[PDB]
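Chains as they are written, first to last, in the numbering used here: chain A, 202 to 264; chain B, 5 to 148; chain C, 2 to 343; chain D, 352 to 527; chain E, 222 to 317; chain F, 14 to 128; chain G, 581 to 634; chain H, 7 to 162; chain I, 2 to 209. The beta carbon of each residue, even a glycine, is placed where N, CA and C say it ideally should be. Below is one structure; the comments refer to it alone.
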Amino acid sequence: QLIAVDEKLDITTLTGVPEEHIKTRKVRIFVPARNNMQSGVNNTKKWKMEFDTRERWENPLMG
Amino acid sequence: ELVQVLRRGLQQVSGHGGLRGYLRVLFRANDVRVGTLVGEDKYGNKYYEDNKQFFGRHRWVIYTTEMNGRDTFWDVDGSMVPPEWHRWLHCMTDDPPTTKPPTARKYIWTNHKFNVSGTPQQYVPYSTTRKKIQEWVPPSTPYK
Amino acid sequence: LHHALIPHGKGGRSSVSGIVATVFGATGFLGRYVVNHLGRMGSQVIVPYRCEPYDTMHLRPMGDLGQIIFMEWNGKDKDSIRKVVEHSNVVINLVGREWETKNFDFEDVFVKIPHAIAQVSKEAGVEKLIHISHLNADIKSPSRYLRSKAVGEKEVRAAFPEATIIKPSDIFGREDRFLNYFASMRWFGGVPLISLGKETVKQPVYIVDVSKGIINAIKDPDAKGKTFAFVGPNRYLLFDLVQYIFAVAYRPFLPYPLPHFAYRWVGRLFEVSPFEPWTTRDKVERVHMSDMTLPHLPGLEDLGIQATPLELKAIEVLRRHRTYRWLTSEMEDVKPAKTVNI
Amino acid sequence: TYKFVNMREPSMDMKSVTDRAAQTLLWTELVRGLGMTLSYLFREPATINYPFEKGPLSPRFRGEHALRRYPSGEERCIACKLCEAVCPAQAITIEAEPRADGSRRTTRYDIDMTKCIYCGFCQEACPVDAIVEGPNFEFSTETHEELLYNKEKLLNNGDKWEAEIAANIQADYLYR
Amino acid sequence: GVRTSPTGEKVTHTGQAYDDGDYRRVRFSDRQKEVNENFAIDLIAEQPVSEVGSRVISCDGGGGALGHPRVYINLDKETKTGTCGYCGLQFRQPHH
Amino acid sequence: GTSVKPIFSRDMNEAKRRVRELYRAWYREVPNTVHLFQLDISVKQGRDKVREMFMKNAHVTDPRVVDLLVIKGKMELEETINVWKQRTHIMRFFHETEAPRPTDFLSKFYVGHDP
Amino acid sequence: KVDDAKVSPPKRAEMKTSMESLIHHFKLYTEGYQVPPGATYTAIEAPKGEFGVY
Amino acid sequence: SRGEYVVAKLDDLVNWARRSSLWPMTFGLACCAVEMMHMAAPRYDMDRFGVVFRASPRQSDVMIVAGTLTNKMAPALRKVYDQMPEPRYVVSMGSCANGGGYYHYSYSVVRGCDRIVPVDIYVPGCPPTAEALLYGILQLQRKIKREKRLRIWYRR
Amino acid sequence: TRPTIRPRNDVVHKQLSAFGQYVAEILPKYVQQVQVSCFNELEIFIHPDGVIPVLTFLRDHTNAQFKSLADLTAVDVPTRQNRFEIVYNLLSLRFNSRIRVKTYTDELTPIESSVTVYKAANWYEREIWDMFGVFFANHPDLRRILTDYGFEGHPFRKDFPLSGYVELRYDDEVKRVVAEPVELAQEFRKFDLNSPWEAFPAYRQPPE
Ligand SMILES: CCCCCCCCCCCCCCCCC[C@@H](O)O[C@H](CO[C@H](O)CCCCCCCCCCCCCCC)COP(=O)(O)OCC[N+](C)(C)C
Ligand SMILES: CCCCCCCC/C=C\CCCCCCCC(=O)O[C@H](COC(=O)CCCCCCC/C=C/CCCCCCCC)COP(=O)(O)OCCN
Ligand SMILES: NC(=O)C1=CN([C@@H]2O[C@H](COP(=O)(O)OP(=O)(O)OC[C@H]3O[C@@H](n4cnc5c(N)ncnc54)[C@H](OP(=O)(O)O)[C@@H]3O)[C@@H](O)[C@H]2O)C=CC1
Ligand SMILES: CCCCCCCCCCC1=C(C)C(=O)C(OC)=C(OC)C1=O
Ligand code: SF4
Ligand code: SF4
Ligand code: SF4
Ligand SMILES: [Zn+2]
């Protein structure tokens with residue numbers, strides 16, 4: 202026997218992700234463009250989820 | 005056969021240049037065996053061999069008392085062995101660098117250096133690439 | 002701002018804060034906290050040390066790789082100071098003893114060394130100089146420690162006019178000589194107090210508060226040539242403070258009055274130890290003076306810091322001084338002491 | 352096919368029973384163990400006299416890394432970045448650009464020795480025998496930073512160990 | 222071909238040297254800077270051009286299997302020599 | 014009907030009942046945790062932290078998610094009672110070595126590029 | 581090793597002589613070989629018991 | 007002076023005694039500890055140098071971190087390092103201990119033991135050979151021989 | 002073919018196909034699919050409600066006797082509505098055979114615990130809960146097995162970052178090990194390795 206919940210799915214509280222990384226982040230859902238250097242199309246089949254690019258800096262040691 | 009081993013001990017005492025050399029080698033290496041000299045370093049390390057010993061004790065080195073800049077009468081380490089005698093001493097080959105010298109090159113260090121950690125000669129890492137982003141330099145003259 | 006000295010990152014261990022700091026006296030009580038706070042945000046910290054390197058080891062895990070550089074220095078040799086301050090934009094001075102040795106008196110460590118450091122820093126182009134003085138620093142003080150402190154801050158302001166002088170008052174912490182001093186005085190049975198400690202008022206300050214104040218003074222642009230007084234939120238009569246200290250440690254409090262000359266004689270008797278003295282005449286003097294009130298000076302609240310009360314952090318120092326029977330007693334058990342707050 | 356390890360029964364004759372009782376009362380097998388240890392006492396020990404004597408190694412031994420040169424003194428590395436791609440621990444960092452004479456050479460070549468797993472995959476991937484794992488293993492340091500090698504350090508290691516490295520490669524290259 | 226910067230810091234073969242106002246120089250105080258003195262560009266410039274009497278030459282770096290992948294170099298241009306893209310040796314047809 | 018199998022609770026009321034039971038258990042536990050782990054915080058601070066942790070998830074309306082949250086809270090409490098957690102794990106709830114990160118626009122603009 | 585240069589790398593002498601060997605060495609040490617889709621559970625009698633990989 | 011000579015001789019005596027009697031804790035984490043077992047094996051026989059394993063932290067002088075330090079393990083390692091009486095030393099052995107090594111980018115691995123405890127000697131290798139660890143131990147002995155506690159106290 | 006190619010075994014393939022037909026006939030209520038792979042491995046895809054019956058039948062039936070639970074694990078496929086793929090590997094010593102049983106679940110639907118069928122499942126189920134977040138109903142003692150105390154999240158999920166969210170270091174001001182947001186001196190370098198040319202035509206999918 203079933204309970205028939207009537208709300209949209211939401212599992213954010215169960216994933217252990219910090220709040221900053223849930224609300225602030227923007228994801229791109231896209232089929233990656235073909236690499237213009239090659240003619241193969243096998244990398245343009247599936248959809249990809251990626252996150253927005255954040256800051257990268259230089260390490261004071263080793264650069 | 006007891007007299008034989010005692011005479012062998014006396015022979016080991018006498019074959020190190022007398023009593024003083026015997027005590028010197030005993031307090032410098034905790035070992036008093038006598039073996040056939042194979043060669044000597046330009047830094048002063050001597051290499052001895054005795055094929056009658058078991059594998060691992062058949063080749064050994066008496067280190068020098070003065071390497072590049074430090075006194076090694078007591079403070080010795082395995083990093084004081086030059087690469088050719090390093091290859092001979094670790095049994096990667098059966099041929100000493102005396103009979104089989106290494107190939108000479110113009111970029112090979114003529115002077116071996118030991119482990120220089122803890123000394124002002126220690127290696128300090130740094131980034132070897134140039135600056136990436138170039139900044140705009142404002143003019144040196146007033147604008148009005 | 003010299004691009005390599007531009008802040009980068011999130012403000013963490015691997016980030017860049019843009020601070021290159023030379024912390025004199027970083028191997029002591031305040032120095033370890035200051036170095037920890039500098040290394041948390043990703044600063045480049047230079048530690049000049051005269052002691053054996055084994056005594057600097059606890060400072061190693063305080064920064065990322067390459068962010069803490071240890072160098073030998075000599076207080077009487079200006080070349081060492083110049084060598085250790087060549088590439089720094091911040092110089093913090095925490096050098097100081099609570100006793101006099103056969104090689105360094107109070108003038109050596111509170112006047113000559115700070116003046117040499119400040120002059121070398123000014124000639125080396127160092128931008129910021131943080132110097133530590135005492136709240137009770139006074140030219141006409143009965144303590145040579147405080148007279149030397151006053152002369153030293155005068156000379157430091159002379160040599161480095163843009164220097165920032167910070168005047169704390171009896172810092173208390175895990176490795177202090179304030180709570181541990183009174184707690185260890187239990188080994189002699191009774192607690193000797195001049196005038197029963199009824200004519201002395203203390204305003205002790207937390208160690209983390211002082212370190213955060215130093216960091217905020219480094220990062221604050223208006224605190225260049227100011228003088229700050231770092232004090233705690235409450236003022237206590239010495240008798241009540243010591244009674245509270247013994248209460249938190251769960252040790253029997255047996256106070257008795259001692260004449261000033263007798264306590265001075267006791268301090269002189271303890272001064273003969275070739276090792277770190279248990280107490281000194283200067284310490285006996287400084288313990289029994291009321292903390293000065295300087296309302297004209299900016300405090301911790303001007304640097305965005307709310308001073309931590311002693312009643313919130315006394316257990317983390319005094320739990321070590323308890324017996325096995327009282328180790329698990331809670332912090333809210335021991336009846337906060339009465340405060341003479343104006 | 353199998354065998355039993357603990358499926359034997361003892362004979363119950365008076366001879367065997369008396370022998371077992373004597374074993375219980377006079378501790379014969381304990382004396383056997385004592386005799387075994389006593390036998391080992393008079394044998395020659397297997398200890399070697401380090402650092403004056405060393406354990407044996409092989410030409411294939413994977414030790415400290417080194418960057419090599421051609422006999423003219425030119426660097427073998429061509430900045431192809433195969434070693435960087437193959438590295439299981441991402442210990443290699445490479446940056447390159449055309450040299451002043453238009454040659455394909457590295458500007459940055461770092462190996463994080465505290466990331467390295469010393470697997471030898473980099474010298475397998477190298478097509479010009481530029482990067483190798485040398486015979487050295489005695490290079491312990493006192494600070495972590497000393498184990499973050501850059502191009503200069505690796506080139507110095509090559510210049511210092513080339514005499515042994517070339518001999519080991521000469522002895523081993525026909526198996527590769 | 223080592224060279225000293227205006228501050229005394231050695232300039233490495235990649236042309237890297239800290240500026241006078243760079244704090245990172247403090248990492249070399251009481252210590253040294255690791256610079257390899259055998260600049261490969263000068264050493265390969267010191268190598269003489271090899272005269273060969275064919276239009277196409279073959280180079281493998283010497284040592285056979287101990288060199289680099291074998292490549293073929295065209296020498297039709299008399300203006301410039303033919304350089305190996307791996308080892309940097311130069312080849313040329315007879316002229317003058 | 015969305016054809017959803019429950020975990021423990023048929024609907025929201027039983028979920029709130031389980032939440033209340035877990036809250037009672039944590040509220041009882043806090044003084045014993047302060048005594049045993051030798052914490053420099055007070056019992057009031059610990060109960061405030063428990064209340065804050067419970068209120069962090071106050072927006073959940075799915076009974077299954079509440080059920081799993083109660084399961085995780087029971088796991089945490091069982092870890093704390095058996096002293097499987099250490100003082101570091103207990104005090105990780107308080108974040109004392111982390112600097113307070115500002116929330117207004119201008120401070121974020123000053124420090125860096127993060128939104 | 582299996583005489584299939586799309587799985588096992590060629591000998592270093594072949595890689596420095598033949599174009600196909602160089603291409604296969606490059607691609608095997610940069611990208612690696614592609615494994616056809618599928619799942620396997622493989623077990624061996626390791627000295628400590630059954631050691632398996634799914 | 008006479009006092010300088012006396013304190014130098016006393017420093018020599020104490021340094022010799024401390025470096026000639028080094029007792030590491032019985033403490034190992036992973037593959038590297040196996041090589042540690044080979045450093046006590048008859049071929050190398052670290053006991054001949056005066057190096058003896060002792061289980062109690064209270065009776066140990068050196069901590070050899072032989073293996074990967076995980077987040078679950080870091081408080082335990084810190085605890086048993088703190089319970090070691092002073093003077094005490096830490097030897098970091100193998101890639102995982104030195105900087106994380108093969109598991110540097112993991113979610114459950116401490117990127118080097120120097121984030122938890124101060125380190126005196128770093129022994130590279132995955133794992134370092136028993137000879138390499140013996141070289142590290144002898145280097146630590148030399149570093150102890152360089153100590154000048156009593157001279158520093160005298161010049162204070 | 003010959004030397005470089007793996008040989009085929011048709012006998013085992015036919016035997017496993019026959020036994021898969023047998024099992025599917027005996028339990029139509031739960032068995033959704035049966036497969037035999039090219040390297041002779043039998044897989045049975047079942048409904049989640051049939052975990053305890055099917056497994057029990059495989060352990061206790063005279064003709065199955067799959068008495069050993071070799072491994073139990075989960076696979077995460079984020080593109081599926083039912084995220085997690087629960088895999089049981091069973092060994093039968095009497096018939097010298099191996100079988101695999103696969104079911105599915107999502108983040109919020111529990112899977113029945115199998116400890117009453119195989120005791121070996123106990124820790125295995127714990128590990129799944131620790132690594133993927135799949136809850137197992139009626140598990141005698143369900144808690145984390147592999148992660149640190151108080152660890153938040155399930156690391157083996159595909160959307161979990163490789164280095165996680167927090168890292169540990171000792172702090173001298175508080176005199177203890179503390180956790181702080183991750184910062185890497187060197188960031189892990191992502192590599193794009195997939196070739197843009199198709200490798201295996203036998204697995205080509207319809208172009209939709
Ligand atoms: C009398 C009761 C109270 C006092 C108790 C003490 C009893 C006397 C202590 C005996 C001391 C003997 C120690 C000396 C042995 C040193 C041997 C030599 O090797 O030392 C070298 C140099 O010597 C040391 O530098 C100095 C050691 C001696 C210090 C000076 C003597 C001070 C004596 C003062 C006695 C006062 C006692 C207290 C009185 C109240 C360093 O060599 P090392 O690197 O290791 O070996 C390398 C290992 N190799 C060879 C295998 C490669
Ligand atoms: C005519 C009348 C004369 C009078 C009678 C005299 C005759 C006496 C004959 C019997 C004498 C027996 C003496 C032995 C005493 C105890 C032996 C014994 O039976 O105990 C063993 C156990 O003894 C041991 O195993 C000892 C264990 C510890 C061993 C420690 C090292 C071994 C000793 C090394 C050499 C000893 C050197 C002794 C002399 C030292 C110099 C003073 C039984 O134990 P279990 O096999 O487990 O069986 C019990 C259930 N039935
Ligand atoms: N403690 C308190 O309650 C408050 C502190 N004061 C002042 O705050 C400053 C720092 O405080 P605190 O950390 O508690 O003091 P500490 O005694 O704990 O630290 C003293 C530091 O100064 C160094 N030092 C001392 N003498 C010399 C010297 N002759 N040459 C070189 N270095 C020396 C010490 O190095 P080494 O380890 O080698 O000895 C050590 O690093 C001090 O200037 C103190 O006077 C201000 C108000 C009170
Ligand atoms: C006296 C004989 C030498 C004992 C060496 C003690 C080494 C201590 C490391 C602990 C340890 C032990 C005991 C051990 O047995 C083992 O193998 C499973 C480990 O994994 C490598 C260990 O780390
Ligand atoms: S030996 Fe292995 S881990 Fe080390 S640099 Fe080479 S490929 Fe990378
Ligand atoms: S060392 Fe070899 S593989 Fe690595 S970049 Fe240089 S030439 Fe390529
Ligand atoms: S460094 Fe290598 S051998 Fe040592 S514990 Fe780590 S993985 Fe194992
Ligand atoms: Zn060439």
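- Not one heavy atom of ligand 6 is found less than 7 Å from the C-beta of D/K504.
- Remark: C-beta atoms of I/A65 and G/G632 do not approach each other more closely than 8 Å.
- When DSSP states are grouped into helix, strand and coil, F/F50 belongs to the helix group.
- Close to E/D251, with beta-carbon spacing below 8 Å, are these residues of chain B in chain order: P124.
- DSSP places I/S69 in the uninterrupted beta strand (DSSP E) bounded by 69-77.
- Put simply, the backbone Cα of C/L194 is about 11 Å away from that of C/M186.
- In this structure, the C-beta of D/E415 stays at least 7 Å away from each heavy atom of ligand 5.
- Straight across, the Cα-Cα distance linking H/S26 with H/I150 is about 10 Å.
- In this structure, G/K591 and E/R291 do not form a Cβ contact; the two beta carbons are roughly 15 Å apart against a cut-off of 8 Å.
- Taking 9 Å as the Cβ-Cβ cut-off, the segment 168-201 of chain I approaches chain D at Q187, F189, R190, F192, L194, given in chain order.
- For D/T379, the Cβ stays outside the 7 Å cut-off from all heavy atoms of ligand 2.
- When distances are taken from the beta-carbon of G/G618 to the heavy atoms of ligand 7, even the shortest one reaches 7 Å or more.
- In the DSSP assignment, C/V209 falls within the alpha helix (DSSP H) that extends over 208-220.
- In this chain, F/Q58 is not harboured by any beta strand (DSSP E); it is covered by the alpha helix (DSSP H) spanning 56-69.
- With contacts defined by Cβ atoms closer than 8 Å, F/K85 and I/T110 do not form a contacting pair.
- In this structure, the CA atom of B/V38 is about 17 Å from the CA atom of D/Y401.
- Nearest to I/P141 by C-alpha distance, out of I/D160, I/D193, I/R127, is I/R127.
- Any Cβ of chain C closer than 8 Å to the Cβ of F/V124 would place that residue at the interface, and such an atom is present.
- Contact of I/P156 with chain H by beta-carbon distance below 8 Å involves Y113, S114.
- H/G73 places its beta carbon less than 8 Å from that of H/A103.
- Counting only residues of its own chain and dropping the five nearest sequence neighbours on each side, B/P101 has a CB closer than 8 Å to the CB of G43, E88, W89, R91, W92.
- Judged by beta-carbon spacing, E/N257 lies beyond the 8 Å limit of D/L498, meaning their Cβ atoms are not closer than that value.
- Between ligand 1 and the CB of B/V80, the shortest heavy atom gap is smaller than 7 Å.
- Boundaries around G/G632 are those of the beta strand (DSSP E), 629-633, since no alpha helix (DSSP H) includes it.
- Ranked by how close their Cα comes to the Cα of D/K502, the residues D/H416, D/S454, D/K405, D/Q374 have D/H416 in first place.
- Of the residues C/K123, C/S144, C/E128, the one whose Cα lies closest to the Cα of C/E108 is C/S144.
- When Cβ-Cβ separations below 8 Å define contact, E/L264 makes contact with chain D.
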